[PDB]
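Participant: Quick one: experimental structure and sequence below.
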Amino acid sequence: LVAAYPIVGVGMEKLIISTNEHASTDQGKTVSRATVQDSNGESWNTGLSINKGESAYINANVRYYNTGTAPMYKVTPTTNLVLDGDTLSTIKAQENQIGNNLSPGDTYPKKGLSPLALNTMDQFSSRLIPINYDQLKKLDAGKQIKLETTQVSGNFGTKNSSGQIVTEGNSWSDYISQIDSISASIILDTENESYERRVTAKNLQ
Amino acid sequence: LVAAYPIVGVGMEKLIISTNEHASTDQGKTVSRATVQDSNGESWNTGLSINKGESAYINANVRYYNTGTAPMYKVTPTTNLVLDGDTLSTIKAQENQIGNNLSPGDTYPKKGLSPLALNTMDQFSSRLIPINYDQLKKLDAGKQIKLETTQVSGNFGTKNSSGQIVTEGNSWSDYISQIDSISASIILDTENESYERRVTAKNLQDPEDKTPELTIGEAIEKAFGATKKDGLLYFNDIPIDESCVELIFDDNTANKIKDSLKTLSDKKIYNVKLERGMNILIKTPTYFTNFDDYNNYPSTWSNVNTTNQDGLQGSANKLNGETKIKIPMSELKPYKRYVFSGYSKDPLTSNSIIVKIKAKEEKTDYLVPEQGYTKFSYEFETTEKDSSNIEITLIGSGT
């Protein structure tokens, strides 16, 4: 009467920004002789430029954690970056930000480790995620961002007649809403942990 | 009852950085004639520039190694680069940084070789991994980085009816957590190697399952191939007793053993019933003092007496005197927190001179509880390459 239904959450650790700024320094020395007169000049050239359109790159620190009564193989979340009552981007994680295993009642990575990075928006890990100039002015003026869990995608394992189990095509998505139409969601919160369970019900209609 | 479960580790060797800097040098020569006047000028143009956004490329030197009881075909790790309480990037290795084979108890590449490079972040080997300017200033200001193992992906082989084996789709990931929910993690650490094993357990909560359970001493005898020699356990003629090694428990495991010990009748931590979720470290000692035999010591002690020198539980001399051994720091590794641990006796007063510099030169009296045998242990810090020695001295009146 209790169904396996793992809950995934994403936690924010730190945010790093970076500017795409352009500097230069030149020194020139000229001399001239003419017939009697001469000249000798020394010139400097400092240079600083910035071109909007990919003007501020960022990276975020995350860590995944489980809650519930199931493992979650090959997990992949998606995130939605807000800044100030708005949105900035929406990212499904690439191959490098995948999570292999997630035991119920555990975090990814393990507890004696450091968090995880994400910095690119393309499908293959290129083209670091940019922020335009007005959001940079909102950021340095005093406003801060947060993170947001939207959906995940993972797999379960099931044993065949051969004795071992397989994880291919056995998505967890197509048992989400079905469970969420038959069950009540009961959550417990203690002083250190939290637990989310789905308990089956009976339609009286 | 022991499951194939290979552990992969990534080791840092060297880090190389590189700057995306831009230089130029121009020379110009002009002449002019006018009607009578002339001119002739020679001009130089030095130029140096740097544009942030892909301003510092890097590359890292790694080597893979196995530990456990399984091969790992077509291994692929992922790495997570920290700099200073932060992160820089996370890389799953491309096709060029793959590892084909990894025998258990071995490294990739083989031992008579050089390490491996990684320099790009894209899926196809382009777009070398950049570091922006502030991290470069943190780096050249004095701060350094390290590496971090996060996950791996590999394959196992299984034979069909055709007689040969195949490695396709047989991932090791979907047998990770299942094993990690049925087993206790027991790790051994000797002076050169380390071994991580998973031993199956029995859930005492639900009784419909019939898993043949055992105790922790039998678990060590079954996990490694341990020869029961005369009651003791021996691994490659190395003694592993409850009194001859150093055990390490984490607080949940230590608390579970500590509550389950009082309902037990015997004061031995090899006879405790194994439980489900445990992390148990065992470590060998460097220098052992069985006064009968097997004493890897440069000099031998003073005021010795050979009456039932059997190790524990039979040490049978209670007299006066002194023991002393001096050992310089040249034989041992510097800058490491060494731990010195022994047992008790029935004297009335005894004190221990541990005179090692850069460390705890506090010397205390024994405070003997009774004639029963309990342990005692101190910690200290190793100095750097001194013939100025650590001189252990035990003065006793009653032993």
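Facilitator: Received the coordinates, thanks. Residues are numbered from 1 along each chain as shown, chains lettered A, B, ... in the order given.

Participant: Distance of the residue lying closest to residue A:88 once chain neighbours are set aside relative to residue A:55?
Facilitator: Nearest residue to residue A:88 in three dimensions, chain neighbours excluded: residue A:81, at 4.2 Å (CB to CB, 6 or more residues apart in numbering or on different chains). Where you see a C-beta, it was placed from the backbone N, CA and C, and this is true even at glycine. As judged by CB to CB, to the nearest Å, residue A:81 and residue A:55 stand 17 Å apart.

Participant: got the contact list for the residue located most distally from the centre of chain A?
Facilitator: Here chain A has its C-alpha centre computed as a mean, and the residue farthest from that point, by CA atoms, centre = their mean, is residue A:36 with 71.2 Å. With contacts defined as CB atoms under 8 Å, 6 or more residues apart in numbering or on different chains, residue A:36 has no neighbours.

Participant: quick one: it from residue B:35, how far?
Facilitator: To residue B:35, residue A:36 is 18 Å away according to CB to CB.

Participant: So which residue is dead centre in chain A?
Facilitator: Note: chain A centre (CA atoms, centre = their mean) maps to residue A:118, 5.0 Å.

Participant: which residues touch that one?
Facilitator: A:59-60, A:62, A:79, A:91, A:93, A:97, B:90.

Participant: let's see it at 7 Å
Facilitator: Residues near residue A:118 by CB atoms under 7 Å, 6 or more residues apart in numbering or on different chains: A:59-60, A:62, A:91, A:93, A:97.

Participant: For it, give the beta-bridge partners.
Facilitator: Residue A:118 forms beta bridges with residue A:60, as assigned by DSSP bridges.

Participant: Spell out which two among the contacts of residue A:118 are the most distant pair, please.
Facilitator: A:59 and A:93 (13.0 Å; CB to CB).

Participant: quick one, strands of chain A?
Facilitator: Per DSSP state E, chain A carries strands over the ranges A:7-19, A:22-34, A:37-49, A:56-67, A:73-81, A:89-92, A:107-108, A:116-118, A:149-155, A:158-159, A:165-166, A:183-189, A:194-200.

Participant: hey, which of the ones you listed is tucked in deepest?
Facilitator: Ranked by mean neighbour count under mean count of other CB atoms under 10 Å in any protein chain shown, the strands of chain A are led by strand A:116-118, which reaches a mean of 23.

Participant: OK, contacts around the residue lying closest to residue A:182 once chain neighbours are set aside?
Facilitator: Closest residue to residue A:182 apart from its sequence neighbours, by CB to CB, 6+ apart: residue A:200 at 5.7 Å. Neighbouring residues of residue A:200 by CB under 7 Å, 6+ apart: A:1, A:3, A:182-183.

Participant: Surely residue A:44 is in contact with residue A:29?
Facilitator: No - applying CB atoms under 7 Å, one finds residue A:44 not in contact with residue A:29, separated by 10.6 Å.

Participant: which residues are common contacts for these two?
Facilitator: In contact with both residue A:44 and residue A:29: no residue, using CB under 7 Å, 6+ apart.

Participant: Extract the C-alpha trace of stretch A:51-69 and format it as PDB.
Facilitator: The C-alpha trace of stretch A:51-69 is given here as PDB (Å, rounded to 0.1, in the frame of the first residue of the first chain):
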ATOM      1  CA  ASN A  51      31.100  44.300 -25.900                       C
ATOM      2  CA  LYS A  52      27.600  43.300 -24.800                       C
ATOM      3  CA  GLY A  53      26.300  40.000 -26.000                       C
ATOM      4  CA  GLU A  54      28.000  37.300 -24.000                       C
ATOM      5  CA  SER A  55      29.200  39.900 -21.500                       C
ATOM      6  CA  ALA A  56      29.000  38.000 -18.200                       C
ATOM      7  CA  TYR A  57      29.600  34.300 -17.800                       C
ATOM      8  CA  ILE A  58      28.500  32.400 -14.600                       C
ATOM      9  CA  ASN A  59      28.800  29.000 -12.900                       C
ATOM     10  CA  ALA A  60      26.700  27.400 -10.100                       C
ATOM     11  CA  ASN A  61      27.500  24.900  -7.300                       C
ATOM     12  CA  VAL A  62      24.800  22.300  -6.700                       C
ATOM     13  CA  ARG A  63      24.400  18.900  -5.000                       C
ATOM     14  CA  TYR A  64      21.700  16.400  -5.400                       C
ATOM     15  CA  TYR A  65      19.900  14.500  -2.600                       C
ATOM     16  CA  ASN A  66      17.300  11.800  -2.300                       C
ATOM     17  CA  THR A  67      14.200  11.500  -0.100                       C
ATOM     18  CA  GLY A  68      11.800   8.600  -0.200                       C
ATOM     19  CA  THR A  69      11.800   4.800  -0.600                       C
END
